[PDB]
Amino acid sequence: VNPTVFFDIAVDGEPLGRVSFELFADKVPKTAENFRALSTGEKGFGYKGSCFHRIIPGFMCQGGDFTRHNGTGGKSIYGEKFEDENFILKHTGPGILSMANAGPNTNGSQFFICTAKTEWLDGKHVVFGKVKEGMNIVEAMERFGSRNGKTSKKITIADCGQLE
Amino acid sequence: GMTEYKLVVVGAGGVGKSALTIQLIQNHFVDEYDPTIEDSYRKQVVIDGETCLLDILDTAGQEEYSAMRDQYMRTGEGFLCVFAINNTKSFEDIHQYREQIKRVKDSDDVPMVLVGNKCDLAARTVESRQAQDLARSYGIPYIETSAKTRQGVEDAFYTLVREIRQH
Ligand SMILES: CCn1c(-c2cc(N3CCN(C4CC4)CC3)cnc2[C@H](C)OC)c2c3cc(ccc31)-c1csc(n1)C[C@H](NC(=O)[C@H]1[C@@H]3COC[C@@H]31)C(=O)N1CCC[C@H](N1)C(=O)OCC(C)(C)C2
Ligand SMILES: Nc1nc2c(ncn2[C@@H]2O[C@H](COP(=O)(O)OP(=O)(O)NP(=O)(O)O)[C@@H](O)[C@H]2O)c(=O)[nH]1
Ligand SMILES: [Mg+2]
């Protein structure tokens with residue numbers, strides 16, 4: 001049974017809503033487990049309180065830098081970065097959850113949620129989950145993005161964790 | 001009103017385009033790696049006795065999106081073509097940038113400066129002579145810079161303005 005995690009999203013501190021994700025532990029267990037543990041915070045660090053620093057309408061919402069809160073940071077539960085587990089899954093459309101990176105084998109904690117098909121990222125970013133409920137929250141987050149990704153309001157993961 | 005110059009900083013990923021620009025604008029060396037999507041900056045400066053306004057476009061060094069560069073090459077007036085002196089591939093990538101600029105602007109005579117960045121670093125793999133020869137073959141200036149120490153940073157941007165003024 002693939003795990004499910006949730007983010008409660010806030011905009012300038014006010015509740016927006018909950019997005020939940022299925023994590024494809026059956027295909028990318030190491031990558032799924034990293035995101036799961038970062039969502040519960042059980043290693044003593046993780047996504048709670050961090051922001052979506054880059055939102056580009058028509059493409060994706062990107063977040064996960066909980067160490068520097070500036071888009072350059074984040075870390076995995078395995079060390080600062082870990083290798084690309086596999087590229088079996090593709091960026092097939094809205095709702096795909098995939099790892100951000102700085103080149104080959106540089107997965108940390110940053111991730112992105114597609115709001116469109118982004119096929120040119122296949123084979124370069126590890127897809128490891130998908131939005132289960134609350135895709136319209138991700139669509140609503142796009143309202144605060146821009147062409148270069150700078151956000152017009154502070155979009156935060158006010159709470160996060162794992163669902164039964 | 002002061003004249004505005006539309007400068008565009010191009011070159012392979014990681015060569016220090018953003019570090020150079022932020023050093024010029026903000027007097028700060030960015031140590032972290034924040035790969036750029038696209039950013040714009042403004043700064044007024046005095047060059048050869050005349051105040052002017054630099055509009056600087058800091059571009060992405062992402063090879064995947066090479067076709068998306070046409071739009072900003074059309075609007076830019078002058079180009080810093082940046083490589084890093086410890087990255088031979090970034091130096092080899094210069095030809096493709098210059099050719100794209102020439103093609104997009106349909107001109108063999110586009111204001112442009114060749115910039116060899118990271119000159120503070122010891123393990124150089126591109127000798128100054130190689131880059132000087134390349135710049136000579138293009139008919140453009142070559143300036144070595146360090147966004148870390150500020151060496152040549154003002155010189156690179158101001159020289160590009162001079163190239164525009166003399167075009
Ligand atoms: C050329 C402009 N331009 C575009 C783009 C492109 C396109 N077309 C149109 C044509 N289409 C063809 C029909 C198919 C292709 C795309 C249109 N309009 C645009 C934008 C809006 O014009 C401003 C992009 C894009 C992306 C980058 C740089 C420039 C870009 C870029 C820089 S860094 C990176 N990409 C990877 C990044 N790395 C880090 O953040 C590292 C930080 C440090 O270490 C951890 C952390 C990362 O993992 N992701 C996670 C994945 C999505 C990705 N960011 C991102 O933001 O993509 C943005 C975008 C818009 C999807 C692509
Ligand atoms: N030692 C040294 N490091 C530099 C210099 N310029 C940039 N760097 C470092 O090199 C890395 C990449 O710099 P950055 O300015 O982001 O390069 P970029 O060309 O803008 N990258 P991108 O194309 O992805 O936007 C950073 O770690 C930065 O600190 C320099 O002159 N000297
Ligand atoms: Mg940059």
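The figures that follow rest on heavy atoms only: side chains count, while hydrogens, waters and symmetry mates do not. Every chain is numbered from 1, with letters handed out A, B, ... down the list of sequences. Order of appearance sets the numbers: ligands from 1, and atoms from 1 within every ligand.
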> ligand 2 versus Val30(B), non-hydrogen atoms closer than 4.0 Å: side chain, backbone, both, neither?
Replying inline: backbone
> Which of the numbered atoms in ligand 2 are below 4.0 angstrom from a heavy atom of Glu32(B)?
Replying inline: 26 (C), 27 (O)
> Which bit of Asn117(B) gets closer than 4.0 Å to ligand 2, counting heavy atoms only: side chain, backbone, both or neither?
Replying inline: side chain
> Between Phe82(A) and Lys30(A), is there a cation-pi geometry (under 6.0 Å to ring centre, at most 45° from the normal)?
Replying inline: no
> Can you check salt bridge (charged side-chain N to carboxylate O under 4.0 Å, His left out) on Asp12(A) and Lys154(A), steps first, answer last?
Replying inline: CA-CA 5 Å; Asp12(A) 286 341; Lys154(A) 176 79 168 184; over 6 Å; no
Distances only, to 0.1 Å: what are the N or O pairs between ligand 1 and the protein that fall under 3.5 Å?
| unit_1 | atom_1 | unit_2 | atom_2 | d |
| --- | --- | --- | --- | --- |
| ligand 1 | 38 (N) | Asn101(A) | O | 2.9 |
| ligand 1 | 40 (O) | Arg54(A) | NH1 | 2.9 |
| ligand 1 | 40 (O) | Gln62(A) | NE2 | 3.0 |
| ligand 1 | 48 (O) | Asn101(A) | N | 2.9 |
| ligand 1 | 48 (O) | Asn101(A) | O | 3.3 |
| ligand 1 | 49 (N) | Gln62(A) | OE1 | 3.3 |
| ligand 1 | 54 (N) | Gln62(A) | OE1 | 3.0 |

> Looking only at protein heavy atoms, which one is nearest to atom 23 (O) of ligand 2, and how far off is it?
Replying inline: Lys17(B) NZ, 2.6 Å
>> Angle at the Mg ion (ligand 3), OG1 of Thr36(B) to OG of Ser18(B), rounded to 10 degrees, please.
In response: 80°
> Tell me, which protein residue and heavy-atom name are nearest atom 3 (N) of ligand 2, and how many Å apart are they?
Replying inline: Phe29(B) CZ, 3.7 Å
> Under 30°, 30 to 60°, or over 60°: which ring-plane class applies to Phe111(A) and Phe52(A), parallel, tilted or perpendicular?
Replying inline: perpendicular
>> For a 4.5 angstrom cut-off between non-hydrogen side-chain atoms, does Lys81(A) reach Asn105(A)?
In response: no
> What atoms of ligand 2 come within less than 4.0 Å of a heavy atom belonging to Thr36(B)?
Replying inline: 22 (P), 24 (O), 25 (O)
> Which atoms of ligand 2 sit under 4.0 Å from any heavy atom of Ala19(B)?
Replying inline: 6 (N), 7 (C), 15 (O)
> Heavy-atom contacts under 4.0 Å between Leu121(B) and ligand 2: side chain, backbone, both, or neither?
Replying inline: side chain
> Taking the inter-plane angle between the rings of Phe7(A) and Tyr47(A) on a 0 to 90° scale, is it parallel (under 30°), tilted (30 to 60°) or perpendicular (over 60°)?
Replying inline: perpendicular
> What protein heavy atom sits nearest atom 8 (N) of ligand 2, and how far off is it?
Replying inline: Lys118(B) CE, 3.7 Å
